[PDB]
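A.B. asks: Input structure: work_27.cif, which contains mmCIF, C-alpha atoms.
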data_start
loop_
_atom_site.group_PDB
_atom_site.id
_atom_site.type_symbol
_atom_site.label_atom_id
_atom_site.label_comp_id
_atom_site.auth_asym_id
_atom_site.auth_seq_id
_atom_site.Cartn_x
_atom_site.Cartn_y
_atom_site.Cartn_z
ATOM 1 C CA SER A 1 8.238 20.629 14.424
ATOM 2 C CA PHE A 2 7.435 16.821 14.101
ATOM 3 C CA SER A 3 9.386 14.810 11.512
ATOM 4 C CA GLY A 4 9.145 11.320 10.061
ATOM 5 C CA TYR A 5 5.500 10.731 10.969
ATOM 6 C CA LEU A 6 3.089 8.701 8.894
ATOM 7 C CA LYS A 7 -0.226 10.561 8.497
ATOM 8 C CA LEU A 8 -3.153 8.267 9.466
ATOM 9 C CA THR A 9 -5.997 10.809 9.302
ATOM 10 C CA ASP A 10 -6.553 14.577 9.008
ATOM 11 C CA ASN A 11 -5.242 15.022 12.595
ATOM 12 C CA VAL A 12 -3.537 11.803 13.724
ATOM 13 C CA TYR A 13 0.123 11.043 12.908
ATOM 14 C CA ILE A 14 2.234 8.046 14.005
ATOM 15 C CA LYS A 15 5.964 7.279 14.263
ATOM 16 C CA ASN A 16 8.102 4.401 15.597
ATOM 17 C CA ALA A 17 9.962 6.426 18.205
ATOM 18 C CA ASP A 18 10.943 6.556 21.830
ATOM 19 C CA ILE A 19 8.625 9.258 23.219
ATOM 20 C CA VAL A 20 11.445 10.444 25.565
ATOM 21 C CA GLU A 21 13.839 10.911 22.638
ATOM 22 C CA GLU A 22 11.055 12.469 20.604
ATOM 23 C CA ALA A 23 10.172 14.917 23.397
ATOM 24 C CA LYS A 24 13.845 15.886 23.957
ATOM 25 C CA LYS A 25 14.231 16.468 20.148
ATOM 26 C CA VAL A 26 10.931 18.322 19.477
ATOM 27 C CA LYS A 27 10.388 20.007 22.916
ATOM 28 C CA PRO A 28 6.650 20.065 22.099
ATOM 29 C CA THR A 29 4.122 22.304 23.853
ATOM 30 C CA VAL A 30 2.510 19.168 25.321
ATOM 31 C CA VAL A 31 3.826 15.682 25.948
ATOM 32 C CA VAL A 32 1.242 13.169 27.202
ATOM 33 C CA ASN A 33 2.155 10.833 30.012
ATOM 34 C CA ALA A 34 0.511 7.422 30.424
ATOM 35 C CA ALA A 35 -0.232 8.186 34.084
ATOM 36 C CA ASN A 36 -1.956 6.301 36.856
ATOM 37 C CA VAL A 37 -4.367 7.951 39.348
ATOM 38 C CA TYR A 38 -1.617 8.345 41.967
ATOM 39 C CA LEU A 39 0.884 9.854 39.484
ATOM 40 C CA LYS A 40 3.368 7.157 40.580
ATOM 41 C CA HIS A 41 5.632 7.080 37.529
ATOM 42 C CA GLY A 42 7.185 3.685 38.110
ATOM 43 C CA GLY A 43 7.368 2.017 34.745
ATOM 44 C CA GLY A 44 6.290 2.029 31.117
ATOM 45 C CA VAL A 45 6.063 5.457 29.506
ATOM 46 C CA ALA A 46 5.616 7.194 32.905
ATOM 47 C CA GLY A 47 8.723 5.620 34.381
ATOM 48 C CA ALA A 48 10.711 6.558 31.266
ATOM 49 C CA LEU A 49 9.455 10.193 31.130
ATOM 50 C CA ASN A 50 10.062 10.599 34.860
ATOM 51 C CA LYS A 51 13.611 9.157 34.618
ATOM 52 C CA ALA A 52 14.341 11.655 31.780
ATOM 53 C CA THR A 53 13.367 14.516 34.161
ATOM 54 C CA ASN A 54 15.814 13.186 36.828
ATOM 55 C CA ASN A 55 12.749 12.490 39.043
ATOM 56 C CA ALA A 56 11.566 16.139 38.940
ATOM 57 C CA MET A 57 8.269 14.926 37.420
ATOM 58 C CA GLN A 58 7.736 12.588 40.402
ATOM 59 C CA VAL A 59 8.575 15.323 42.956
ATOM 60 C CA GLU A 60 6.109 17.700 41.287
ATOM 61 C CA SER A 61 3.511 14.917 41.004
ATOM 62 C CA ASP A 62 3.749 13.983 44.696
ATOM 63 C CA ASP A 63 3.088 17.610 45.651
ATOM 64 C CA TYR A 64 0.117 17.663 43.209
ATOM 65 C CA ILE A 65 -1.353 14.488 44.791
ATOM 66 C CA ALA A 66 -0.758 15.754 48.335
ATOM 67 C CA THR A 67 -2.811 18.866 47.469
ATOM 68 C CA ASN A 68 -5.481 17.445 45.158
ATOM 69 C CA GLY A 69 -5.792 13.734 45.768
ATOM 70 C CA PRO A 70 -5.768 11.118 43.042
ATOM 71 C CA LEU A 71 -6.975 11.632 39.513
ATOM 72 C CA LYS A 72 -9.965 9.723 38.154
ATOM 73 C CA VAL A 73 -9.429 6.888 35.630
ATOM 74 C CA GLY A 74 -10.184 8.699 32.336
ATOM 75 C CA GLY A 75 -9.049 12.030 33.795
ATOM 76 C CA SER A 76 -5.982 14.185 33.492
ATOM 77 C CA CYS A 77 -4.000 17.035 34.875
ATOM 78 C CA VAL A 78 -1.546 19.482 33.344
ATOM 79 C CA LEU A 79 1.804 19.736 35.046
ATOM 80 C CA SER A 80 5.261 20.947 33.943
ATOM 81 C CA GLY A 81 6.926 19.322 30.962
ATOM 82 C CA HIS A 82 10.325 19.850 32.698
ATOM 83 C CA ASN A 83 13.170 19.292 30.162
ATOM 84 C CA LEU A 84 10.853 17.385 27.782
ATOM 85 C CA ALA A 85 8.053 19.790 26.835
ATOM 86 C CA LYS A 86 6.389 23.065 27.965
ATOM 87 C CA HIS A 87 3.682 20.964 29.693
ATOM 88 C CA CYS A 88 3.000 17.365 30.517
ATOM 89 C CA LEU A 89 -0.592 16.261 30.227
ATOM 90 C CA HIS A 90 -0.849 13.300 32.610
ATOM 91 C CA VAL A 91 -3.720 11.199 31.299
ATOM 92 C CA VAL A 92 -5.047 8.097 33.071
ATOM 93 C CA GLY A 93 -6.254 5.452 30.673
ATOM 94 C CA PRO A 94 -7.938 2.334 32.160
ATOM 95 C CA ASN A 95 -5.502 -0.337 33.272
ATOM 96 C CA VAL A 96 -6.968 -3.649 32.077
ATOM 97 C CA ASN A 97 -4.501 -5.443 34.438
ATOM 98 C CA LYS A 98 -6.427 -3.687 37.366
ATOM 99 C CA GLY A 99 -9.909 -4.666 35.969
ATOM 100 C CA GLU A 100 -10.661 -1.070 34.888
ATOM 101 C CA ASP A 101 -13.438 -0.411 32.372
ATOM 102 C CA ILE A 102 -11.930 -0.310 28.804
ATOM 103 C CA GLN A 103 -14.905 2.000 27.976
ATOM 104 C CA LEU A 104 -13.034 4.728 29.952
ATOM 105 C CA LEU A 105 -10.390 4.838 27.179
ATOM 106 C CA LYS A 106 -12.605 7.222 25.141
ATOM 107 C CA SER A 107 -12.937 9.556 28.170
ATOM 108 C CA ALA A 108 -9.133 9.421 28.598
ATOM 109 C CA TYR A 109 -8.556 10.434 24.940
ATOM 110 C CA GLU A 110 -11.096 13.291 25.261
ATOM 111 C CA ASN A 111 -8.535 15.092 27.455
ATOM 112 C CA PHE A 112 -6.346 15.507 24.340
ATOM 113 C CA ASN A 113 -9.010 17.775 22.767
ATOM 114 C CA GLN A 114 -8.111 20.539 25.238
ATOM 115 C CA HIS A 115 -4.689 20.924 23.485
ATOM 116 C CA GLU A 116 -4.169 21.986 19.872
ATOM 117 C CA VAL A 117 -1.141 19.743 19.364
ATOM 118 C CA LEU A 118 0.283 16.896 21.448
ATOM 119 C CA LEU A 119 3.074 14.322 21.398
ATOM 120 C CA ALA A 120 1.543 11.176 22.933
ATOM 121 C CA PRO A 121 1.742 7.474 23.498
ATOM 122 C CA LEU A 122 -1.222 5.131 22.826
ATOM 123 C CA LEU A 123 -3.291 5.241 26.007
ATOM 124 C CA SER A 124 -3.794 2.037 27.955
ATOM 125 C CA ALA A 125 -1.244 0.242 25.733
ATOM 126 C CA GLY A 126 1.940 -1.448 27.071
ATOM 127 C CA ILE A 127 1.846 -2.281 30.756
ATOM 128 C CA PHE A 128 -1.749 -0.940 30.982
ATOM 129 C CA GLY A 129 -2.847 -4.103 29.166
ATOM 130 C CA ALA A 130 -5.251 -2.887 26.477
ATOM 131 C CA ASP A 131 -5.022 -3.871 22.806
ATOM 132 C CA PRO A 132 -2.967 -1.104 21.117
ATOM 133 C CA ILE A 133 -4.940 -1.577 17.857
ATOM 134 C CA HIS A 134 -8.110 -0.729 19.807
ATOM 135 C CA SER A 135 -6.342 2.240 21.494
ATOM 136 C CA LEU A 136 -5.367 3.662 18.092
ATOM 137 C CA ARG A 137 -8.954 3.236 16.839
ATOM 138 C CA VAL A 138 -10.346 5.071 19.905
ATOM 139 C CA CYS A 139 -7.675 7.767 19.467
ATOM 140 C CA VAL A 140 -8.630 8.358 15.800
ATOM 141 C CA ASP A 141 -12.347 8.379 16.612
ATOM 142 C CA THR A 142 -12.060 10.642 19.677
ATOM 143 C CA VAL A 143 -9.199 13.108 19.293
ATOM 144 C CA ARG A 144 -9.920 16.041 16.988
ATOM 145 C CA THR A 145 -6.764 18.037 17.774
ATOM 146 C CA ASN A 146 -3.352 17.262 16.209
ATOM 147 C CA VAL A 147 -1.863 14.216 17.869
ATOM 148 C CA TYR A 148 1.589 12.801 17.097
ATOM 149 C CA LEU A 149 1.752 9.255 18.383
ATOM 150 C CA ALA A 150 5.077 7.732 19.345
ATOM 151 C CA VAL A 151 5.078 3.910 19.315
ATOM 152 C CA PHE A 152 8.228 2.496 20.922
ATOM 153 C CA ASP A 153 8.106 -1.054 19.533
ATOM 154 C CA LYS A 154 8.832 -1.256 15.725
ATOM 155 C CA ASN A 155 6.949 -4.537 15.454
ATOM 156 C CA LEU A 156 3.831 -3.026 17.081
ATOM 157 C CA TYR A 157 4.204 0.154 14.970
ATOM 158 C CA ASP A 158 4.210 -1.969 11.781
ATOM 159 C CA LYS A 159 1.176 -3.943 12.965
ATOM 160 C CA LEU A 160 -0.720 -0.694 13.822
ATOM 161 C CA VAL A 161 0.020 0.861 10.412
ATOM 162 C CA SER A 162 -0.631 -2.298 8.360
ATOM 163 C CA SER A 163 -3.970 -2.983 10.098
ATOM 164 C CA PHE A 164 -5.226 0.648 10.110
#
Take the structure from the file and write it as structure tokens.

C.D. replies:
Amino acid sequence: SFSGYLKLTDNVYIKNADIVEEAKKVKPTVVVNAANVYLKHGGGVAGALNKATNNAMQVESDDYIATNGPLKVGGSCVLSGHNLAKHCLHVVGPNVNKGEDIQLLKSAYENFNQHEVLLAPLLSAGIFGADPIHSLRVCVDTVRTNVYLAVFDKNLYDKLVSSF
């Protein structure tokens, strides 16, 4: 199970970790991907998770999009976790750099409530452009299931913990 996490609340835990390394170590039931509506895993967490699967996540995702069309911002889909987890929950947080409504971040986090335990990044953080402090606040106030947050940057991790 999950080790080295700081407990923030009854159900939210946080660690300064590379989510790829964390997933390979833990092999959790669910790893969350910071997806976009097209499931194009080019960069950020998605690019890193996809690279760890040797592009198998992207091949599976392209078939999913060809069949179902794009996801909604705030929506999700469950696909294979490949070599990282049993399942990958691809969740689309709003991308502030695309002018998407930050209010959709709560809807994005609500997808986590369909899974008892998840390894996840902060939604809409990083290249999605939202304030990670705000993302953590929405996470804590929305997710009721057990979420283990992996924050790649030590400096950001320290800021998130110290300001919680």

A.B. asks: Using all atoms listed in the file, determine which residues lie at most 7 Å from residue 20 in chain A, disregarding the query and same-chain residues fewer than 4 positions distant; provide the list as a count of residues only.

C.D. replies: 4

A.B. asks: On this structure, the PyMOL selection byres ((chain A and resi 70) around 6) would catch which residues? List them as a ChimeraX atom specification, sorted by chain and number.

C.D. replies: /A:37-38,65,69,71

A.B. asks: Run the PyMOL selection byres ((chain A and resi 8) around 12) on the file and write out the hits as a PyMOL selection string.

C.D. replies: chain A and resi 5-7+9-15+136-137+139-141+146-149+160-164

A.B. asks: For residue 79 in chain A, which residue among A:29, A:128, A:21, A:106 is the nearest when counting all atoms listed in the file?

C.D. replies: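 Ranking A:29, A:128, A:21, A:106 by distance to residue 79 in chain A, first place goes to A:29.
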
A.B. asks: Could you spell out the hits of the PyMOL selection byres ((chain A and resi 105) around 10) on the shown file, as a PyMOL selection string?

C.D. replies: chain A and resi 73-75+92-95+100-104+106-110+123-124+130+134-135+138-139+142

A.B. asks: Save the residues we just selected, C-alpha atoms, as a PDB file, in the coordinates of the input?

C.D. replies:
ATOM      1  CA  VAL A  73      -9.429   6.888  35.630  1.00  0.00           C
ATOM      2  CA  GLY A  74     -10.184   8.699  32.336  1.00  0.00           C
ATOM      3  CA  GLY A  75      -9.049  12.030  33.795  1.00  0.00           C
ATOM      4  CA  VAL A  92      -5.047   8.097  33.071  1.00  0.00           C
ATOM      5  CA  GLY A  93      -6.254   5.452  30.673  1.00  0.00           C
ATOM      6  CA  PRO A  94      -7.938   2.334  32.160  1.00  0.00           C
ATOM      7  CA  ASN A  95      -5.502  -0.337  33.272  1.00  0.00           C
ATOM      8  CA  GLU A 100     -10.661  -1.070  34.888  1.00  0.00           C
ATOM      9  CA  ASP A 101     -13.438  -0.411  32.372  1.00  0.00           C
ATOM     10  CA  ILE A 102     -11.930  -0.310  28.804  1.00  0.00           C
ATOM     11  CA  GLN A 103     -14.905   2.000  27.976  1.00  0.00           C
ATOM     12  CA  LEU A 104     -13.034   4.728  29.952  1.00  0.00           C
ATOM     13  CA  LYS A 106     -12.605   7.222  25.141  1.00  0.00           C
ATOM     14  CA  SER A 107     -12.937   9.556  28.170  1.00  0.00           C
ATOM     15  CA  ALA A 108      -9.133   9.421  28.598  1.00  0.00           C
ATOM     16  CA  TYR A 109      -8.556  10.434  24.940  1.00  0.00           C
ATOM     17  CA  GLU A 110     -11.096  13.291  25.261  1.00  0.00           C
ATOM     18  CA  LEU A 123      -3.291   5.241  26.007  1.00  0.00           C
ATOM     19  CA  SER A 124      -3.794   2.037  27.955  1.00  0.00           C
ATOM     20  CA  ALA A 130      -5.251  -2.887  26.477  1.00  0.00           C
ATOM     21  CA  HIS A 134      -8.110  -0.729  19.807  1.00  0.00           C
ATOM     22  CA  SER A 135      -6.342   2.240  21.494  1.00  0.00           C
ATOM     23  CA  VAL A 138     -10.346   5.071  19.905  1.00  0.00           C
ATOM     24  CA  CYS A 139      -7.675   7.767  19.467  1.00  0.00           C
ATOM     25  CA  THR A 142     -12.060  10.642  19.677  1.00  0.00           C
TER      26      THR A 142
END

A.B. asks: Provide an axis-aligned box for all listed atoms of range 34-41 of chain A, padding each side by 8 Å; report its centre and its edge lengths in Å to one decimal, as lines of an AutoDock Vina configuration file.

C.D. replies:
center_x = 0.6
center_y = 8.1
center_z = 36.2
size_x = 26.0
size_y = 19.6
size_z = 27.5

A.B. asks: Show which residues sit within 7 Å of residue 86 in chain A, as a ChimeraX atom specification. Count all atoms listed in the file, and ignore same-chain residues fewer than 3 positions away.

C.D. replies: /A:28-30,80-82

A.B. asks: Point out the residue among A:78, A:120, A:34, A:84 with the least atom-to-atom distance to residue 54 in chain A, counting all atoms listed in the file.

C.D. replies: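 Closest to residue 54 in chain A, using all atoms listed in the file: A:84.
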
A.B. asks: Which is closer to residue 156 in chain A than all the others in A:17, A:66, A:88, A:23, using only C-alpha atoms?

C.D. replies: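 Ranked by minimum distance to residue 156 in chain A, first place goes to A:17.
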
A.B. asks: How far is it from CA of residue 119 in chain A to CA of residue 31 in chain A, in Å with one decimal?

C.D. replies: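 Separation between CA of residue 119 in chain A and CA of residue 31 in chain A: 4.8 Å.
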
A.B. asks: Rounded to one decimal place, report the CA of residue 47 in chain A-CA of residue 144 in chain A distance in Å.

C.D. replies: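 Interatomic distance here is 27.5 Å.
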
A.B. asks: Between CA of residue 115 in chain A and CA of residue 97 in chain A, what is the distance in Å, rounded to a tenth?

C.D. replies: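 Going from CA of residue 115 in chain A over to CA of residue 97 in chain A, I get 28.6 Å.
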